[PDB]
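# Report on the structure
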Amino acid sequence: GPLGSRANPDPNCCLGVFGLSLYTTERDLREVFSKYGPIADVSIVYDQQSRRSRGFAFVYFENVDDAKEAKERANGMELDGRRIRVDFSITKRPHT
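### Considerations on the pairing of strand β1 (residues 14-18)
Taking burial as the measure, the five residues of β1 include five buried ones, the bulk of the element. Neither face of β1 is exposed, since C14, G16 and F18 on one face and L15 and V17 on the opposite face are all buried. When β1 meets strand β3 (residues 53-61), the two strands line up antiparallel, connected through five bridges. Within the sheet, the bridge partner assigned to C14 lies in β3 and is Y60. Across five bridges, β1 lies against strand β6 (residues 85-89) in antiparallel orientation. Residue pairing in the sheet places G16 in a bridge with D87 of β6.

Written as structure tokens, this is what we have:
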């Protein structure tokens, strides 16, 4: 149902996208998200034993301002009959 408590209030060119369909593709995500500016890539998350989608993905813009427009426009809309959610994200690297 409804949810207000989940958010990432820190802008970046990387967005995480959640609540997708098992039939959603990186083409359909490009078709939803390229409305807001240039895209570097898009990657869906898949299960490592059953090889199906896990219902979430990450979208990578060329600039933080394109990702800001996208996060204000796509967050909470409908795609393939499934009602999504969209938030800012960041990359990671090992360190010692």
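Now that the structure is up, let's keep going.
### Quick word on the sheet that holds β6
Overall, antiparallel pairing links the four strands, which are arranged β2-β3-β1-β6 in an open sheet. Looking at the sheet topology across the chains shown, the edges are occupied by β2 (39-46) and β6. Across this sheet, the average inter-strand angle for adjacent strands is 20 degrees, counted without regard to direction. Pairing of β2 with β3 involves six bridges; the strand directions are antiparallel. Paired with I44 across the strands is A57, a residue of β3.

### Digging into the packing of aromatic side chains
Within the structure shown, the criterion is met by four aromatic pairs. Relative to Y36, the ring of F33 lies with its centre 6.5 Å away and its plane at 80 degrees, an arrangement referred to as edge-to-face. A single burial state applies to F33 and to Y36, both of which are buried. An aromatic cluster is defined as three or more aromatic residues linked by ring pairs; in this entry it consists of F18, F56 and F58. The ring of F18 is capped by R6, whose NZ or CZ atom sits 4.0 Å from the centre of that ring.

### A word on unusual backbone geometry
For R51, which is not a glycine, the phi torsion comes out positive at approximately 65 degrees. Checked against the element boundaries, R51 lands in the loop between β2 and β3. Located in the positive-phi region is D80, a residue other than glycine, with phi close to 60 degrees. Of note, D80 is situated in the loop between β4 (78-79) and β5 (82-83). What makes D80 exposed here is its relative accessible area of 53%.

Rules and cut-offs
The scheme used for residues numbers each chain from 1 in its written sequence order. That scheme is not guaranteed to match the entry numbering, and residues without coordinates are omitted from view. In computing side-chain properties, one takes all heavy atoms of the structure into account and sets aside hydrogens as well as water. Only protein chains enter the accessibility calculation, which uses a 1.4 Å probe; a residue whose area is less than 20% of its type maximum is buried, one above 50% is exposed, and one in between is partly exposed. Labels follow the DSSP assignment, with helices taken as runs of H or I lasting at least four residues and strands as runs of E lasting at least two, numbered in each case from the N terminus. Whether two strands pair comes down to DSSP finding at least two bridges between them. Orientation is described by lines fitted to C-alpha atoms, with helices fitted over the stretch in contact, and by angles between N-to-C directions that extend from 0 to 180 degrees. Working definition: rings of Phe, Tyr and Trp (its six-membered ring) pair if their centres are within 6.5 Å, and the pair is stacked with planes under 30 degrees apart, edge-to-face with planes over 60 apart, and tilted otherwise. Both a distance and an angle decide whether a charge sits over a ring: NZ of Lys or CZ of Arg must be within 6 Å of the ring centre and within 35 degrees of the ring normal.

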